[PDB]
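This document starts with one chain, in the form deposited in one PDB entry, laid out as structure tokens.
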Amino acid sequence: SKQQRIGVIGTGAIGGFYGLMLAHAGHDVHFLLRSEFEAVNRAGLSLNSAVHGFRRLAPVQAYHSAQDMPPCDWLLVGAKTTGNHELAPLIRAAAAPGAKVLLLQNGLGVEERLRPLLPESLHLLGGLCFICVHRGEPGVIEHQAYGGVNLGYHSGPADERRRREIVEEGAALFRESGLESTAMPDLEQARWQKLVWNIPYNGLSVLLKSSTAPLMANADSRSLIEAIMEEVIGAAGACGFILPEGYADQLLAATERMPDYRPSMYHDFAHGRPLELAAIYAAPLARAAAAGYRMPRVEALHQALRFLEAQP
């Protein structure tokens, strides 16, 4: 696989991790820093990883304005979905002709909401990241577990054969970098699948002010998580996407194996950053409502999270 020039738009824990891992695989990686450019450019990018050991990118090819970035073959959007409405000018400024835009973002309907502002010549893909990672000290990325990326194609100028090829190119990029990666045939199905984990765990970790270990240890919280998982699974099927056998117990088991992890929404709440409620809760609730399918627990959890955000 030829050297790719890779642009990272929004370099939080997610964009920093994948951008660093690709850079270490020998790719030419360029980082757009919205919030922390001055800090990271002189500090550099460091990775504490229980999986890959310590790694460092210094000097980093860091940028504060998308216009200074070179034209990139792949644009990795690790920023949160909360700022996806000002993303398009940044993507367009940093994209080589025919560039691949890969949204490393959770929730539902993300790609459809960004496509209106992206030129038709750009491929738009989604990447569902099953990873335990967060921002540690400034310029530091704390990676506790996993890292796999499930890629799917949303829209763009490729026909069906070329779509599969492009999704497989992106997966091979991550795999070459020592990361797990899977080409998904159906991005929307894959987004519903990731919701079965993000919806209970992100929200309950904020609401119950707890991490994954106490949440799985307590029997009542664990029964609640399963019940919420069955609402998402039921909503997916009602909307046309029927998810695999015993998918709940599979993520129950993977999270059981998981080290004590604070989901990204927990960290967001602790630091005053707006929660990704629109993409993770509001959108699947709206879809299920269109299908006439009630999600009482998820709806109640969403009302609780909105309440908490509004409290001083």
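Residue numbers run from 1 along the displayed sequence. C-alpha atoms forming the largest set that superposes within 1.5 Å between two forms make up the rigid core.
Taking 80-88 and 152-160 in turn, the stretch whose Cα atoms are more displaced from the shown form in 4 other deposited structures of this protein following rigid core superposition is 80-88. A fit on the rigid core, followed by a root mean square over CA positions in 4 other deposited structures of this protein, ranks 31-39 against 52-60 and picks 31-39 as the more shifted one. For the two regions 15-23 and 290-298, the entry's Cα B-factors average higher over 290-298. Stretches 143-151 and 78-86 differ in mean CA B factor, with 78-86 having the higher one. The entry lists C-alpha B-factors for 270, 69, 280, 29, and the highest of these is at 270. When the C-alpha B-factors of 201, 241, 130, 174 are ranked from the entry, the top spot goes to 241. When the modelled residues of the chain are ordered by their C-alpha B factor, residue 228 lands in the middle third. The PDB entry assigns residue 109 a C-alpha temperature factor belonging to the middle third of its chain's modelled residues. Compared with the other modelled residues of the chain, the Cα B-factor recorded for residue 170 ranks in the lowest third.
In the PDB entry, residue 163 places in the lowest third of its chain by CA B-factor. Ranked by Cα temperature factor within the chain, residue 310 sits in the highest third according to the deposited record.
Keep in mind the form solved in complex with a small molecule is missing from the figure; the text below concerns it.
Contact with the small molecule, judged by heavy atoms within 4.5 Å in the deposited bound form, is confined among 271-279, 240-248, 22-30, 42-50 to 271-279. The small molecule is not shown here, and in the deposited bound form it never comes within 4.5 Å of any heavy atom of residue 99.
Taking the partner from the other structure, the small molecule in the deposited bound form has a heavy atom within 4.5 Å of a heavy atom of residue 34. With a 4.5 Å cutoff on heavy atoms, residue 175 does not count as touching the small molecule in the deposited bound form; it lies far away. Interface residue remark: residue 123 is not counted as part of the site for the small molecule in the deposited bound form, having no heavy atom within 4.5 Å.
Checked against the small molecule in the deposited bound form, the candidates 163, 222, 194, 92 yield a single residue with a heavy atom inside 4.5 Å, and that residue is 194.
Though the small molecule is absent from this view, in the deposited bound form it lies within 4.5 Å of a heavy atom of just one residue from 129, 236, 228, 179, which is 129.
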